[PDB]
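Asker: Following this message is one structure expressed as structure tokens.
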Amino acid sequence: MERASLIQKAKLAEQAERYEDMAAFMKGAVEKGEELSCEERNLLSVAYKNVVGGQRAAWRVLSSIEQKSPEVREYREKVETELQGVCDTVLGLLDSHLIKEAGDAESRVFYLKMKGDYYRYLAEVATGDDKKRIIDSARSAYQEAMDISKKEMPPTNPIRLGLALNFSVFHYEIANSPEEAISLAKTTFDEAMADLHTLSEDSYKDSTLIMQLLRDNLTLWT
Amino acid sequence: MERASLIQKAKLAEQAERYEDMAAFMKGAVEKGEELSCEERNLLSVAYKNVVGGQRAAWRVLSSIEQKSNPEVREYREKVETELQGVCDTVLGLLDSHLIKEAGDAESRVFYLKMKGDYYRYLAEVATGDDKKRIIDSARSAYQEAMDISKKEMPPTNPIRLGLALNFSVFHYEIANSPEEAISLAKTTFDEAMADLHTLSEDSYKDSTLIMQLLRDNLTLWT
Amino acid sequence: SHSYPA
Amino acid sequence: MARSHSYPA
Ligand SMILES: [Ca+2]
């Protein structure tokens with residue numbers, strides 16, 4: 001069908017809270033060849049975030065049941081495999097349709113951050129060596145997104161903050177470096193506050209919510 | 001795989017909140033040919049209920065958005081319908097080609113006929129024209145048969161009897177368009193439950209009390 | 001309207 | 001450690 005309607009069905013999907021359908025529509029809209037607008041971009045991450053979120057939660061529930069004293073493992077693996085399917089789909093979509101397929105610094109950072117997040121999820125369920133490879137491909141994506149944000153965006157831009165937030169989660173929960181996670185989260189927060197004045201009602205609500213998430217993490221981490 | 005492990009996976013799936021997987025695990029269990037225990041029957045209904053609960057809520061969003069009448073929106077709603085019907089259909093096959101009558105005790109018999117009434121009811125919600133009428137009939141007959149058995153085999157306080165009565169009344173109001181009949185059933189079902197509760201120990205008091213509340217809430221909202 | 005299970 | 005927060009959520 002037409003890109004215009006694909007976009008329309010995703011909005012409907014999100015309304016009816018049918019994220020799997022929503023992610024599929026967006027995927028069809030992406031393969032249409034044309035770049036996505038800011039609005040479209042968010043539809044894409046919201047759809048896939050919800051789909052993958054359910055699987056990640058399922059996985060965590062199961063793996064904990066497995067560790068806490070045959071079926072558990074077999075089922076955890078099924079969920080895990082299904083989760084890796086989605087991540088490879090998102091990553092493929094990014095590598096051959098979205099990443100640097102545009103010009104804007106915001107669109108570029110957004111896509112590279114998304115690449116970091118999905119490699120990060122793949123890292124949550126991987127084991128020895130395969131994990132090291134995945135972890136390193138996650139970091140290079142975050143770092144490249146970080147380099148672009150620090151040169152192209154003010155310290156309060158919500159995308160830059162979302163990126164810095166998730167990159168700190170990466171340091172703490174994946175790269176096993178609590179030290180680095182805490183300082184980046186703290187450094188991102190301060191430089192954010194120090195500019196909050198006249199942050200324009202534009203991205204106010206978003207950056208404000210991410211700033212709170214940064215704090216929650218700092219508290220939980222310390 | 002072994003029935004026992006299918007049941008275990010259904011329980012793991014429930015904890016993982018993967019109802020679709022759960023439903024498929026209980027379906028495998030049901031196909032083993034052995035009767036379901038009380039706990040197992042509840043696992044089976046929780047599964048499919050959650051699966052269908054999601055499609056319904058989605059269909060109800062897409063419908064109001066469409067406004068029942070006043071492109072894309074139409075096409076997507078129809079797809080959600082097809083899906084809902086698919087789930088309802090496999091539940092009905094499970095009941096008609098396995099669970100119904102292959103059971104002995106009154107409880108289970110009423111439980112499956114109730115379930116049968118429940119899913120024909122979900123099919124009715126998304127049906128129009130004469131299709132809805134035929135569906136409403138088969139839903140009514142299943143609920144009635146369940147009602148005939150509960151009135152004959154169980155006491156006014158049995159939670160399952162109350163549940164059936166509750167759902168049957170909902171059927172009369174939301175589907176059969178017969179409010180009065182829906183209200184009288186609920187009233188009677190509730191009263192008869194009271195004048196017998198003075199002897200109902202917490203050994204099941206909690207159960208009935210929970211459902212009794214739902215009957216009055218509906219009674220209150222229908223008035 | 002309320003139904004059971006919910 | 002009760003899972004940290006990421007964005008979007
Ligand atoms: Ca493609």
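Each chain of the structure tokens is named A, B, ... in the order shown, its residues numbered from 1; ligands are numbered from 1 in display order.
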Counting only C-alpha atoms and all ligand atoms, which protein, DNA or RNA residues come within 12 Å of ligand 1, given as a compact mmCIF listing (two decimals) with N, CA and C atoms, in the first residue's frame?
Answerer:
```txt
# COMPACT_ATOMS: atom_id res chain seq x y z
N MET A 26 5.23 0.65 10.24
CA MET A 26 6.38 1.55 10.15
C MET A 26 7.48 0.94 9.30
N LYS A 27 7.71 -0.36 9.46
CA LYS A 27 8.73 -1.02 8.65
C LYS A 27 8.39 -0.92 7.16
N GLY A 28 7.11 -1.05 6.83
CA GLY A 28 6.68 -0.95 5.45
C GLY A 28 6.85 0.47 4.94
N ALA A 29 6.62 1.44 5.82
CA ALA A 29 6.77 2.85 5.46
C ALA A 29 8.24 3.19 5.22
N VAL A 30 9.13 2.58 6.00
CA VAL A 30 10.56 2.82 5.86
C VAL A 30 11.08 2.29 4.54
N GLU A 31 10.72 1.06 4.21
CA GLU A 31 11.19 0.44 2.98
C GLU A 31 10.65 1.13 1.73
N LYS A 32 9.80 2.13 1.93
CA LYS A 32 9.27 2.89 0.81
C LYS A 32 10.38 3.74 0.19
N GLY A 33 11.50 3.85 0.90
CA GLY A 33 12.64 4.60 0.40
C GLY A 33 12.86 6.02 0.90
N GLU A 34 11.80 6.69 1.32
CA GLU A 34 11.91 8.07 1.80
C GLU A 34 12.17 8.19 3.29
N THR A 89 16.05 -7.18 12.93
CA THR A 89 15.18 -6.48 12.01
C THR A 89 15.36 -4.96 12.13
N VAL A 90 15.33 -4.46 13.37
CA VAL A 90 15.54 -3.04 13.61
C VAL A 90 16.91 -2.59 13.12
N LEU A 91 17.94 -3.36 13.47
CA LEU A 91 19.30 -3.05 13.05
C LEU A 91 19.49 -3.06 11.53
N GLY A 92 18.81 -3.98 10.85
CA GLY A 92 18.94 -4.05 9.41
C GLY A 92 18.26 -2.86 8.77
N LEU A 93 17.13 -2.48 9.36
CA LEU A 93 16.36 -1.34 8.89
C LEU A 93 17.19 -0.07 9.01
N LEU A 94 17.96 0.00 10.09
CA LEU A 94 18.81 1.14 10.35
C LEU A 94 20.02 1.20 9.43
N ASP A 95 20.68 0.06 9.25
CA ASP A 95 21.87 0.03 8.42
C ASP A 95 21.66 0.22 6.92
N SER A 96 20.49 -0.13 6.41
CA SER A 96 20.29 0.01 4.98
C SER A 96 19.18 0.98 4.56
N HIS A 97 18.66 1.77 5.50
CA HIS A 97 17.60 2.71 5.16
C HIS A 97 17.62 4.01 5.96
N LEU A 98 18.07 3.95 7.21
CA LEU A 98 18.05 5.12 8.08
C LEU A 98 19.38 5.78 8.41
```
Asker: Find the residues of chain B in contact range of chain A, meaning any atom within 7 Å when counting only C-alpha atoms, and list them as number ranges by chain.
Answerer: B: 5, 9, 16-17, 57-58, 61-62, 72, 76
Asker: Keeping only N, CA and C atoms, write the selected residues to a file as a compact mmCIF listing (two decimals), in the first residue's frame.
Answerer:
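Dumped to selection05.txt:
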```
# COMPACT_ATOMS: atom_id res chain seq x y z
N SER B 5 4.94 -30.91 31.24
CA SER B 5 5.81 -29.80 30.91
C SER B 5 5.06 -28.71 30.12
N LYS B 9 5.04 -24.89 31.27
CA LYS B 9 5.35 -23.76 30.42
C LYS B 9 4.23 -22.74 30.40
N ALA B 16 5.58 -14.63 32.77
CA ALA B 16 6.28 -13.80 31.80
C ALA B 16 5.30 -12.87 31.07
N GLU B 17 4.02 -13.06 31.36
CA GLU B 17 2.97 -12.27 30.73
C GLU B 17 2.89 -12.46 29.23
N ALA B 57 -10.36 -4.85 23.06
CA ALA B 57 -10.01 -3.48 23.41
C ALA B 57 -9.47 -2.73 22.20
N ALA B 58 -8.76 -3.44 21.33
CA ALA B 58 -8.21 -2.82 20.14
C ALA B 58 -9.32 -2.54 19.13
N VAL B 61 -11.31 0.40 20.05
CA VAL B 61 -10.65 1.68 19.84
C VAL B 61 -10.80 2.06 18.37
N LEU B 62 -10.51 1.11 17.50
CA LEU B 62 -10.62 1.32 16.07
C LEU B 62 -12.05 1.61 15.63
N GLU B 72 -8.20 3.51 5.37
CA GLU B 72 -7.25 2.83 6.26
C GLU B 72 -7.88 2.30 7.53
N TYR B 76 -7.92 -1.74 8.69
CA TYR B 76 -7.25 -2.22 9.89
C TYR B 76 -8.21 -2.86 10.89
```
Asker: Hey, what's within 9 Å of residue 24 (chain B) if we count only C-alpha atoms and toss same-chain stuff fewer than 4 positions away? As an mmCIF file with C-alpha atoms, in the first residue's frame, please?
Answerer:
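New file selection-v7.cif:
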```cif
data_model
loop_
_atom_site.group_PDB
_atom_site.id
_atom_site.type_symbol
_atom_site.label_atom_id
_atom_site.label_comp_id
_atom_site.auth_asym_id
_atom_site.auth_seq_id
_atom_site.Cartn_x
_atom_site.Cartn_y
_atom_site.Cartn_z
ATOM 1 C CA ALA B 10 1.855 -22.271 30.549
ATOM 2 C CA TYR B 19 -0.541 -14.985 27.117
ATOM 3 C CA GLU B 20 -0.331 -15.954 23.492
ATOM 4 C CA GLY B 28 -1.370 -28.658 23.669
ATOM 5 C CA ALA B 29 -2.317 -29.842 27.133
ATOM 6 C CA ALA B 47 -4.625 -17.461 28.707
ATOM 7 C CA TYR B 48 -7.241 -17.005 26.002
#
```
Asker: Could you name the residues that touch residue 55 (chain B) at 9 Å or less, counting only C-alpha atoms, but leaving out those on the same chain fewer than 3 positions away, as a list in words?
Answerer: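 The residues satisfying every condition are residues 16 and 18 of chain A; 50, 51, 52, 58, 59, 60, 80, 81, 83 and 84 of chain B.
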Asker: Give me, as a VMD selection string, all polymer residues having an atom no more than 12 Å from residue 42 (chain A), counting only C-alpha atoms and skipping those fewer than 3 positions away in the same chain.
Answerer: (chain A and resid 7 10 to 11 14 22 to 23 26 36 to 39 45 to 50 107 110 to 111 114 159) or (chain D and resid 7 to 8)
Asker: Can you list, as a list in words, every protein, DNA or RNA residue that comes within 10 Å of residue 6 (chain D) when you count only C-alpha atoms, leaving out same-chain residues fewer than 3 positions away?
Answerer: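 Listed by chain and then number, they are residues 117, 162, 163, 164, 165, 166, 167, 168, 169, 170, 210, 213, 214 and 217 of chain A; 3 and 9 of chain D.
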